[PDB]
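A.B. asks: Take a look at this one; I'll ask things after.
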There are 2 protein chains.
Amino acid sequence: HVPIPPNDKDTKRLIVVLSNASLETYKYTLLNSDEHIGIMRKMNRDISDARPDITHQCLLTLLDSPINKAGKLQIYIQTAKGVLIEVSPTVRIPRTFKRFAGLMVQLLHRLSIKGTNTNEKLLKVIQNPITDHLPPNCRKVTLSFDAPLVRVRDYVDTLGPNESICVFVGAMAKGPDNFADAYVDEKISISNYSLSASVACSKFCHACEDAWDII
Amino acid sequence: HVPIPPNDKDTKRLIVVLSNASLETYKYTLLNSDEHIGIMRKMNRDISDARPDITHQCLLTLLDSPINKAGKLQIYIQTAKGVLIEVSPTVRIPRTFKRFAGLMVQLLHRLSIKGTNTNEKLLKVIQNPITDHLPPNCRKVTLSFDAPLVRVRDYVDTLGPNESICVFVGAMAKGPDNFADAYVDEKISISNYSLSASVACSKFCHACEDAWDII
């Protein structure tokens with residue numbers, strides 16, 4: 001089986017963009033709420049933001065999803081440093097947050113994680129903006145709260161088989177929906193209650209398993 | 001809204017039992033692969049088993065699932081020490097593995113986590129076996145690999161509205177399906193590829209959202 005290459009702009013695919021991520025290597029390790037609680041809580045700036053266990057579990061759940069087993073997923077990470085990261089469908093990850101953390105540190109160091117067997121890279125820090133790396137047949141959407149209710153399976157049911165979709169999922173700290181307004185075609189809501197990025201990506205990706213017939 | 005009490009044996013409900021868990025407080029903290037890699041790898045016994053990030057993310061995903069928002073979930077944990085733990089639908093959890101780890105340590109210490117506001121307990125270590133705590137209208141099943149393919153929505157579609165289901169999900173180390181043969185009525189498989197406990201519980205619970213009409 002071969003996943004989606006960058007040569008392919010024909011397959012109806014799901015690009016998941018985790019926007020406004022918190023990948024800031026400080027002193028080398030990442031900024032987490034485990035040990036930097038004294039320096040964030042001491043230096044009085046919005047504790048609230050040392051995120052990456054949620055993008056960790058989005059990477060675990062989405063890269064363990066059956067949409068990865070069909071290969072129809074393509075996931076990007078937009079951070080606060082302006083760094084946009086292309087995460088492979090074929091990369092494997094350790095299940096632990098510490099090795100993921102130092103692996104993101106060396107990803108920010110040498111800007112590339114190569115495969116231990118293959119010639120090709122796996123985690124590739126790439127250019128801003130996202131529209132250089134999105135397909136032309138794209139659906140730039142965003143999960144939101146002020147948006148009215150839109151059912152996912154009816155929505156991608158109203159998407160055609162040539163027309164790929166790029167979702168904007170917020171694993172951010174605390175922010176409104178103006179994080180992506182330069183590149184939003186549509187903002188949708190899927191439930192009345194508050195939902196996280198992990199269960200949001202899981203309900204969306206399993207719903208488009210139900211609407212793309214991945215068995 | 002009121003969740004399922006232990007008085008209620010009438011509601012068609014999903015009991016998720018995470019069987020063969022690894023909750024062993026050593027020296028106080030739990031046995032994890034982060035810091036005990038030197039003593040497991042040094043003392044040459046099946047590294048392979050310091051699990052609990054998977055039951056952590058099953059607790060996050062299942063206790064953040066919309067089946068919890070309907071209250072039709074009831075989740076138990078069976079460990080290697082013979083400890084069986086009743087996890088509430090109404091308990092909230094910190095999102096971090098360290099506070100979850102020490103919280104499980106004090107759960108094994110005083111055998112109960114009380115609510116910080118309510119009178120009733122939230123995490124209640126209870127008796128072996130599970131059949132004292134399962135409903136009479138029960139469906140003791142188990143996810144497996146040697147079992148033939150069974151579609152979930154057709155299966156619980158063939159379950160009747162008086163008939164609750166108790167699934168056995170393996171977050172174990174490495175083991176066959178004889179972990180539960182004293183209490184198995186049926187073993188099913190949902191996909192040909194290898195699936196984890198997190199995506200297994202998410203596909204099953206979202207599938208019975210599709211078959212129980214939780215909107």
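By convention in this document, the chains of the structure tokens carry letters A, B, ... by their order, each chain's residues are numbered from 1, and ligands are numbered from 1 in the order they are shown.
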Neighbours of residue 59 (chain A) within 12 Å (only C-alpha atoms; same-chain residues fewer than 3 positions away dropped), as a ChimeraX atom specification?
C.D. replies: /A:16-18,52-56,62-65,68,73-77,86-89,91-97,100,171,197-198,201-202
A.B. asks: Which residue out of A:207, A:147, A:180, A:15 has the minimum interatomic distance to chain B when only C-alpha atoms are used?
C.D. replies: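 Residue with the minimum atom-to-atom distance to chain B: A:207.
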A.B. asks: If you measure from CA of residue 210 (chain B) to CA of residue 139 (chain B), what distance in Å do you get, rounded to one decimal?
C.D. replies: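 The value is 18.7 Å.
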A.B. asks: Return the single residue from B:49, B:29, B:200, B:44 that is closest to chain A, with distances computed using only C-alpha atoms.
C.D. replies: B:200
A.B. asks: As a PyMOL selection string, please: every residue in chain A that a backbone DSSP assignment puts in strand (DSSP E).
C.D. replies: chain A and resi 14-21+25-26+29-30+73-79+84-87+112-114+121-126+141-143+165-170+186-188
A.B. asks: B:27, B:151, B:42, B:1: which is nearest residue 105 (chain B), counting only C-alpha atoms?
C.D. replies: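 For residue 105 (chain B), the nearest of the candidates is B:27.
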A.B. asks: Counting only C-alpha atoms, which residue out of A:132, A:213, A:163, A:185 sits closest to residue 13 (chain A)?
C.D. replies: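 Of all the options, A:163 lies closest to residue 13 (chain A).
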A.B. asks: If you measure from CA of residue 36 (chain A) to CA of residue 101 (chain A), what distance in Å do you get, rounded to one decimal?
C.D. replies: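 Atom-to-atom, CA of residue 36 (chain A) and CA of residue 101 (chain A) are spaced 13.7 Å apart.
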A.B. asks: Which distance in Å separates CA of residue 211 (chain B) and CA of residue 153 (chain B), to one decimal?
C.D. replies: 5.6 Å
A.B. asks: Which of these residues is nearest to residue 186 (chain A), using only C-alpha atoms: A:140, A:69, A:12, A:98?
C.D. replies: A:140
A.B. asks: With only C-alpha atoms as the basis for distance, which of B:60, B:30, B:14, B:113 is at the shortest distance from chain A?
C.D. replies: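 Distance minimum relative to chain A lands on B:60.
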A.B. asks: As a ChimeraX atom specification, which residues of region 33-138 of chain B does DSSP assign to helix (DSSP H, G or I)?
C.D. replies: /B:37-42,53-63,66-70,97-110,130-132
A.B. asks: May I have the residues within 10 Å of residue 66 (chain A) as an MDAnalysis selection string, using only C-alpha atoms and disregarding those fewer than 4 positions away in the same chain?
C.D. replies: (chainID A and resid 61:62 70:73 205:206 209 214:215) or (chainID B and resid 191 193 195 199 203)
A.B. asks: Keeping only C-alpha atoms, write the selected residues to a file as a PDB file, in the first residue's frame.
C.D. replies:
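So part-v3.pdb came out as:
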```pdb
ATOM      1  CA  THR A  61      -5.572   9.020  17.675  1.00  0.00           C
ATOM      2  CA  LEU A  62      -5.406  10.437  14.135  1.00  0.00           C
ATOM      3  CA  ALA A  70      -6.738   4.009   4.083  1.00  0.00           C
ATOM      4  CA  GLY A  71      -4.033   6.674   3.795  1.00  0.00           C
ATOM      5  CA  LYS A  72      -6.549   9.460   3.077  1.00  0.00           C
ATOM      6  CA  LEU A  73      -5.280  11.698   5.918  1.00  0.00           C
ATOM      7  CA  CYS A 205     -12.634  11.453  11.069  1.00  0.00           C
ATOM      8  CA  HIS A 206     -14.865   8.532  12.080  1.00  0.00           C
ATOM      9  CA  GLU A 209     -15.137   7.035   7.602  1.00  0.00           C
ATOM     10  CA  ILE A 214     -13.520   2.912   4.754  1.00  0.00           C
ATOM     11  CA  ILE A 215     -13.984  -0.750   5.695  1.00  0.00           C
TER      12      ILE A 215
ATOM     13  CA  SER B 191     -11.528  -4.916  11.668  1.00  0.00           C
ATOM     14  CA  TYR B 193      -5.942  -4.752  11.015  1.00  0.00           C
ATOM     15  CA  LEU B 195      -6.490  -1.843  16.575  1.00  0.00           C
ATOM     16  CA  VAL B 199      -9.562   3.594  18.804  1.00  0.00           C
ATOM     17  CA  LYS B 203     -15.211   3.251  17.217  1.00  0.00           C
TER      18      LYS B 203
END
```
